[PDB]
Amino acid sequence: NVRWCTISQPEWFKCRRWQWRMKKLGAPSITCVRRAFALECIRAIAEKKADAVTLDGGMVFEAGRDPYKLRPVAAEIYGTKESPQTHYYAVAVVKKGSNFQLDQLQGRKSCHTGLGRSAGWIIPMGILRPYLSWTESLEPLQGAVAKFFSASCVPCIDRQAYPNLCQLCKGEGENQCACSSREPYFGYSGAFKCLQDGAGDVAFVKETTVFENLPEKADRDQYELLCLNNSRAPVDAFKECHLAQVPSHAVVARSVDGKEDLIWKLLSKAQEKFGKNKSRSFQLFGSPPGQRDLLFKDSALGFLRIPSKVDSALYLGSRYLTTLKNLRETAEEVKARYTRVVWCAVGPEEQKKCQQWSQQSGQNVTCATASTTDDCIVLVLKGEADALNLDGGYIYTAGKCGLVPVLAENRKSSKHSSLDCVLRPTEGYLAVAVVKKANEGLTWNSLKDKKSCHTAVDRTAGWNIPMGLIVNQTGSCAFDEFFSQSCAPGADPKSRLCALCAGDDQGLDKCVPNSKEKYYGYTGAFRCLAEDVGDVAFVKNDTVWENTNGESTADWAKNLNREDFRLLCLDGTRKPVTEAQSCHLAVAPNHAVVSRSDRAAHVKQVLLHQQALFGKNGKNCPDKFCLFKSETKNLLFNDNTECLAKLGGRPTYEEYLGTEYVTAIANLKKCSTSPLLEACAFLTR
């Protein structure tokens, strides 16, 4: 049983018509909950009084927020049968023979589909905003818009407060300018009817609205499209004369106990039975004259199922998310947001370092925190954060979600002193497998059923290199059953890969992938080996050196003689820590700062500026703040980092990491699926 939320009597009548029509096809059953508007349904679903409803992108946004916390489980697909699309275009339709252009809309009368709707509100108001003369302190956007156009019809608007924005609305009193089918001028088709009846000079609807209302070209010849360059165009030239491409309408459900399986089941069979061109009796994507788009959009081809990790912000995307959120902020807030760089911190300790950086940077750098690196990637994707420095295996994940490399970590080399660190090339680190010397008979061959220590899952040295090699050599994909017990932060806490993880000093958050887990990272995985919790540690060369022989002042690593450890070589021999060059697993590319394509240049410029103040030969280091020092913790950047080096021209994730490593990651990735990887797949549609 799925409870569908309807916001009107004509929508309720279709649901009920769909409910009876379902029964004979066998499960699931559909219930028709009656509400008045979109937010009521949002609240109904959140309160478990209903299960599904289809919203427009502006509503999708609001439904994802607290305290609703709803996610889009399926999206409507538009377009043709052979040429589908899962987005649409917001356009401005004018009647042919008008002298106004897009700039000349002040003092005109307009038609809108709804307040806070994609094509009808959000999209057109982000374009008109310079013409608005909005002084944000005196009134809201609705107040600036009210004095911009003369009369109008924008349903859902406060009729009592902005009567001119409801003045052109064709509704009957105290139901006129309503947020549903009650107002005849509501919706895309209702907006077109407002233009067609000559009430408004322009209607803001989608690209197919004029095609669905005027079947013959002769009547369609009397309309035009206002383009962005302040020109005009014919209605079939929408793909060149639109305002923005907006993501399609999605069905939403609860994040927890959402009934998404039943919802999809029901949606799949309905679309297969009464879809577009499927039956004579019932049309799912077909609704009555005078009341279009009931439940779903009219002439929608079907439903595209959305991946579990994709939320409402991810579904909508940073581009739409910017424009929506930018309308909510002021010009100066918007200005300041683009200027500031928001760094993403993984964990508690990193956040503290970032906050110190922020205050020392005079709020030039701002922080955001996530508990994992993956969460931070997601925040970068959402636009909530701007950047973070990442290990190569995470860079793969970020690049597959479209983030690009900006600057790489560059430490002290053996050759140059000449060429500046910024202009000096990265050398790459050596991936090693370290053991205690006192456990003789431990070779690379005798590795099965031993205890292991990894920096984290998906990382280069602690994960991708040894597990990729082991999978290849075993010829199996069950890495969970290779070692007897491990500590690989990022695995299932109830699995055996988390079995040796410590948690904090209270022992909570065991196997978490951040600095609060005792055995996390380069430092923690060595510590795991050093304290004899595991038999092998997969880390880099530098870690062994930095944590032995008086280098580390930490009490666990303070009494460590470097001659008590060996390096397992891939030829079955052991070697001392001085011959890492002849005994390593692979060479890994250095950790780099990733960012979004449009933020990359700004982030780069800013990071160069910050490096001069707080870096290795920083002006404020070491008396004020040192960006690369974290008390051997490697918070934000590795403590050994000499500077952040510039990369070459255009490099993608594949170019930075390298074909061989990318393919190596690729083959290892076939053994297990990542939800985030599935979600980024869908976002790069």
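The first residue of the sequence shown is number 1, and the count goes up from there.
Relative to one another, 214-222 and 262-270 have unequal mean CA B-factors, and 214-222 is the one with the higher figure. Just going by the entry, 529-537 versus 91-99 on mean CA temperature factor gives the higher value to 91-99. Among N559, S486, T369, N590, the highest C-alpha B-factor recorded in the PDB entry belongs to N559. Of the candidates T523, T397, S308, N277, the deposited coordinates give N277 the top C-alpha B factor. Among the modelled residues of the chain, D56 sits in the lowest third by CA temperature factor in this PDB entry. In the PDB entry, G658 places in the middle third of its chain by CA B-factor. Per the PDB record, residue ranking by Cα B-factor puts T6 in the lowest third of the chain. Per-chain ranking of the deposited C-alpha B factor places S417 in the highest third. Looking at the C-alpha B-factors along this chain, the one for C643 belongs to the middle third.
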